[PDB]
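Naming: A, B, ... by sequence-line order, numbering from 1 per chain. Every number for a ligand or one of its atoms is a count from 1 in the order of the listing. Only this structure's heavy atoms are used, side chains among them; waters, hydrogens and symmetry mates stay out.
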Number of protein chains: 2
Amino acid sequence: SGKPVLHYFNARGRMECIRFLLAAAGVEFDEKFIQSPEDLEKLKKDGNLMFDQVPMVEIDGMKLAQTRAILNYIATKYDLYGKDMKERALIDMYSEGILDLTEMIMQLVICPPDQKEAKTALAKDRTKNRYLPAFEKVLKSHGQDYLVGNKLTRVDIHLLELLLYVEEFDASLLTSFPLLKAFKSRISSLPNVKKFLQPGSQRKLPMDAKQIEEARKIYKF
Amino acid sequence: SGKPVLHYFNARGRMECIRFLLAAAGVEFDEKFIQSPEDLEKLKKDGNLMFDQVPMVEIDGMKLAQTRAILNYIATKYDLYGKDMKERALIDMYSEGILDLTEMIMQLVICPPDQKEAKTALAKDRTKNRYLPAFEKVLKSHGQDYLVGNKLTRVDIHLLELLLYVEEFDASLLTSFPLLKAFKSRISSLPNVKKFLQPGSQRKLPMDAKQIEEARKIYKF
Ligand SMILES: N[C@@H](CCC(=O)N[C@@H](CS(=O)(=O)O)C(=O)NCC(=O)O)C(=O)O
Ligand SMILES: N[C@@H](CCC(=O)N[C@@H](CS(=O)(=O)O)C(=O)NCC(=O)O)C(=O)O
């Protein structure tokens, strides 16, 4: 088989979505966590990071970097990418929106303190007035269990991850989205997913004051 | 046939890559430029923007938003997406790097003036020490005319666009990349491309002081 190797920080960051997808597909993976700048420098010095950056995943003889490129490969490989062109268009559109909101939430735990209140307010507004209504719309338009093609695809996993982050952010934001709540529960019950959600998995925890200061300098000046 | 409708600002922004790809595929398109905030508000109020944002392209009965989702659909549809999974992995990896550098360059014409010198310096360093060497590497590894699969794909177009932007930024940065220069000339000579590069096409010009202040407020508060 050959167990994929994921190179990234001991953190969610951009690698988390990939971890989720792989776990969802029931594919066991090995991780090589960069603990120090020296490690990152070693990685780069090894010439396997196309743009001297991570995520980077070794799979099928390739040293694939670029989050989306990685997700994209895994999705097709395990058949979590729908059944055709139009389905993929929807999948892509939904996924991109998910990523955007994700980053938006991340920014919150990074923005210059004196400006937090406002940013939080915007992220919440956007969350409940722009994003959630959209996914709820999709779910409502067809009444089916999956977002696209009435079959499990990567976006279902992507949507789940985001909802979990929204729940950590502020759980009251999800209470006016019944279909999304039901969806969340459904996807969370999928064996592979349930397992990933269980403790002792490679699922990373949210960034903390100590494991945050390091990554700033470690970035590699 | 049905000519695709592209909704965006009378500017490059995120829509430019899509314009390039379509032109490259020889697909004529119609554009609906948002000139004022009222126009943007009308667009949103019309309920055809999934996340109340543009790019948004009407094609094949879909109101497809999200740059990458759009590019992705067009690439597969016109066969500018390679021949398989591994090819697509390379295509994706390369494309993402191209986008990153692109944004980096954009930021330059947006960053708070007092900080420009430094940012410019970083972008130049990255351009010549991280990005160009990478593409030059690819070209060097196989000696072929195209980046991937020895056949025209979306990345070739993507690479061209970026090189043109690099040339506008600082043309001396490309002189130490012979294969890239030869590549640039080659892709620019492709009929559809040559046409797009010719005046009177839908190719947008670089943002200017007047057509920049508007887009800030127009963003839609
Ligand atoms: N577009 C890339 C972005 C990767 C990226 O930004 N990598 C950063 C770290 S992080 O932002 O993801 O945390 C990096 O390795 N930078 C190191 C360097 O530039 O020296 C992707 O999505 O894969
Ligand atoms: N991830 C989206 C980003 C789209 C986006 O940011 N759209 C902005 C304008 S721009 O940044 O591309 O210029 C927008 O329409 N914002 C309007 C609003 O949010 O009200 C994509 O790539 O399609």
Side-chain angles (χ1 to χ4, degrees), chain A residues 6-18 34 37 39-41 43-45 49-57 64-72 92-104 106 110 122 125-126 129-131 207 212 214-221, chain B residues 6-18 34 37 39-41 43-45 49-57 64-72 92-104 106 110 122 125-126 129-131 207 212 214-221:
Chain A
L6 326 196
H7 297 270
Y8 200 61
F9 299 103
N10 178 210
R12 292 179 170 157
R14 306 182 187 263
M15 187 58 94
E16 197 65 2
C17 60
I18 297 175
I34 310 148
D39 298 7
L40 183 49
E41 190 53 65
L43 242 191
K44 305 181 170 189
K45 282 180 174 176
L49 307 186
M50 183 164 193
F51 304 114
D52 282 343
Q53 309 172 299
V54 286
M56 189 286 261
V57 173
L64 237 191
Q66 292 290 5
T67 312
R68 289 172 177 80
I70 299 176
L71 292 172
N72 282 0
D92 285 335
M93 180 173 199
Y94 301 165
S95 290
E96 285 299 307
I98 282 161
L99 263 36
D100 294 343
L101 180 54
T102 306
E103 287 180 71
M104 190 180 302
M106 319 307 294
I110 277 91
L122 186 54
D125 176 77
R126 256 62 196 290
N129 294 305
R130 175 175 290 184
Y131 294 112
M207 49 303 280
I212 179 188
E214 270 172 6
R216 317 189 76 112
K217 47 148 60 177
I218 299 179
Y219 191 82
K220 270 291 72 283
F221 82 107
Chain B
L6 326 196
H7 297 270
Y8 200 61
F9 299 103
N10 178 210
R12 292 179 170 157
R14 306 182 187 263
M15 187 58 94
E16 197 65 2
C17 60
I18 297 175
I34 310 148
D39 298 7
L40 183 49
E41 190 53 65
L43 242 191
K44 305 181 170 189
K45 282 180 174 176
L49 307 186
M50 183 164 193
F51 304 114
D52 282 343
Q53 309 172 299
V54 286
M56 189 286 261
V57 173
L64 237 191
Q66 292 290 5
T67 312
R68 289 172 177 80
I70 299 176
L71 292 172
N72 282 0
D92 285 335
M93 180 173 199
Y94 301 165
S95 290
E96 285 299 307
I98 282 161
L99 263 36
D100 294 343
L101 180 54
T102 306
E103 287 180 71
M104 190 180 302
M106 319 307 294
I110 277 91
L122 186 54
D125 176 77
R126 256 62 196 290
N129 294 305
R130 175 175 290 184
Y131 294 112
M207 49 303 280
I212 179 188
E214 270 172 6
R216 317 189 76 112
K217 47 148 60 177
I218 299 179
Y219 191 82
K220 270 291 72 283
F221 82 107

Let me see the working for A/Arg130 and B/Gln53 under side-chain contact (heavy atoms from CB on, under 4.5 Å), right down to the final yes or no.
CA-CA 10 Å; A/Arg130 175 175 290 184; B/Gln53 309 172 299; 4.1 Å; yes
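Distance check: B/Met50 CE to A/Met93 CE gives 5.5 Å after rounding to the nearest 0.5 Å. Atom CD of B/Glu41 and atom CD1 of B/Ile218 lie 12.5 Å apart (nearest 0.5 Å).
Residue contact check for ligand 2: B/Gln66 places a non-hydrogen atom closer than 4.0 Å to it. Ligand 1 has no atom lying under 4.0 Å from any heavy atom of A/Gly13.
If you check which protein heavy atom lies closest to atom 19 (O) of ligand 2, you get A/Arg130 NH1, 3.0 Å. Protein heavy atom closest to atom 5 (C) of ligand 2, with residue, atom name and distance, is B/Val54 O, 3.5 Å. The shortest contact between atom 22 (O) of ligand 2 and any protein heavy atom is with B/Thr67 OG1, 2.8 Å.
Nearest heavy atom pair, residue A/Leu64 against residue A/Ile70, reads O-CD1, 3.2 Å. Scanning all heavy atoms of the two residues, the minimum distance from B/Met15 to B/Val57 falls at CE-CG2, 4.2 Å. B/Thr67 and B/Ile18 get closest at one heavy-atom pair: O-CD1, 4.0 Å.
Annotation for ligand 1: atoms under 4.0 Å from non-hydrogen atoms of A/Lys44 are 18 (C), 20 (O). Residue A/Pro55 has at least one heavy-atom neighbour below 4.0 Å for each of these atoms of ligand 1: 23 (O). Atoms of ligand 2 lying under 4.0 Å from at least one heavy atom of B/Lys220, given by number and element, are 20 (O). For ligand 1, the atoms lying closer than 4.0 Å to a non-hydrogen atom of B/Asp100 are 1 (N), 2 (C).
With a heavy-atom cut-off of 4.0 Å, B/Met93 does not touch ligand 1 at all. Looking at A/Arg14 against ligand 1, only its side chain comes within 4.0 Å, counting heavy atoms. Only the side chain of B/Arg126 comes within 4.0 Å of ligand 1, counting heavy atoms alone; its backbone N, CA, C and O stay farther away.
In B/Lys45, the NZ atom is not crowded: 12 or fewer heavy atoms of neighbouring residues, nucleotides or ligands sit closer than 6.0 Å.
Comparing B/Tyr219, B/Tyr8, B/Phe221, B/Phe51 against atom 18 (C) of ligand 2, the shortest heavy-atom distance belongs to B/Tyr219.
Two residues are said to be in side-chain contact when any heavy atoms from C-beta on lie closer than 4.5 Å; B/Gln66 and A/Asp100 meet this criterion. The closest side-chain heavy-atom distance from B/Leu40 to B/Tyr219 is not below 4.5 Å.
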